[PDB]
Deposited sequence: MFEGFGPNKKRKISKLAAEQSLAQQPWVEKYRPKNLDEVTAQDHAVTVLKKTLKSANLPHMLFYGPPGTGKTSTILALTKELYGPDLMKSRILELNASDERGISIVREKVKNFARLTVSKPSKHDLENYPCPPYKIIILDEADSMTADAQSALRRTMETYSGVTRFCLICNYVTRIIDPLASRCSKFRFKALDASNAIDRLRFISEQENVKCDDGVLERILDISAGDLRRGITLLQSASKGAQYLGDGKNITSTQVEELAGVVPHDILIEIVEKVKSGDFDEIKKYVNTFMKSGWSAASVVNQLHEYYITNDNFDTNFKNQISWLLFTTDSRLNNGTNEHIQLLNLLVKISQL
């Protein structure tokens, strides 16, 4: 059919919730009839892409927009530079009578570079040069998460828009509305569990909800979503297994920890998820003193760094558990 992320995207600017300041500034700029280079930044899944798409749809119109809007991920510099140059150099098509009747179609095109913060300094300098070359007819909208990763020369050329993190109420209401519209039956705590797993990212939450709905449809039972299915889809280890791991670590016996790790590795659960869950459990616990947390932070950091390099999960997990047991 279609992913629910794009299907339920906000249509107009007024449909964006909990973004009063940025939305108001964007409406003021739209009324001014002068669109400068835009740099949207904020935590993921807050509507930056939705806000920019709504702004374009209110500028060119539903039909004309497809001709004046380009989207690129800015990942992996020659290729993206060539595509941007080709899109910008192309002559703007002629607006139709209906487009001009109700939309004040500006005489320029918009290119949206998502994940702009992932670019390197040289790539950002090349992008700045391209912007300067084609500033007259092209307006850029760089979507990112951290504004500090953009080089100062490039950042100074764009008006900045900060997006605040969505509150739990707005996200839960949005998920509930989507579920009712799509006829999704979920047990109490399922939506909150999805939000917790997604860490407030509505994109990931909606994707997980769609996956859980598909799984329930496949199941053929009452189709009442349960937190266990959500965790299984998200790859989150069950909390009970984490509790047993913590108890074994507290025991301190090397042989028992080794046997438990050997048994666990047969389950197929990822070691990275276990490391993240252990970090969350230990860092946010009031039963451990300052020195214990000082040591556990470094131990977890070292284990995560070793895992990220493509190392054997079994050995790294066993070493981490042995180290924690010895603290």
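Where C-alpha coordinates are absent, the deposited sequence of this PDB chain has the segments 1 to 23, 100 to 102.
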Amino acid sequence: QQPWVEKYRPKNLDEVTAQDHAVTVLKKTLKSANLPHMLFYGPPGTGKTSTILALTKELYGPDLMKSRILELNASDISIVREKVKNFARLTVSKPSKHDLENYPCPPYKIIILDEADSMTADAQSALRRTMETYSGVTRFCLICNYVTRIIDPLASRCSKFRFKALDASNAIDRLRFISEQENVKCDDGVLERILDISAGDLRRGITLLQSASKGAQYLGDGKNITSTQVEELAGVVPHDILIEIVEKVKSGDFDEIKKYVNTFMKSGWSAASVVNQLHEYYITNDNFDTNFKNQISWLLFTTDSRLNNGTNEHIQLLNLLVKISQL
From here on, numbers count along this sequence of modelled residues.
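Here the rigid core means the biggest group of C-alpha atoms that line up within 1.5 Å when the two forms are laid on top of each other.
RMS Cα deviation from the shown model in 5 other deposited structures of this protein, rigid core fit, is larger for 28 to 36 than for the other stretch of the pair 28 to 36 / 258 to 266. Per-stretch RMS Cα distance to the displayed form in 5 other deposited structures of this protein, following rigid core alignment, is highest for 215 to 223 when 215 to 223 and 126 to 134 are compared.
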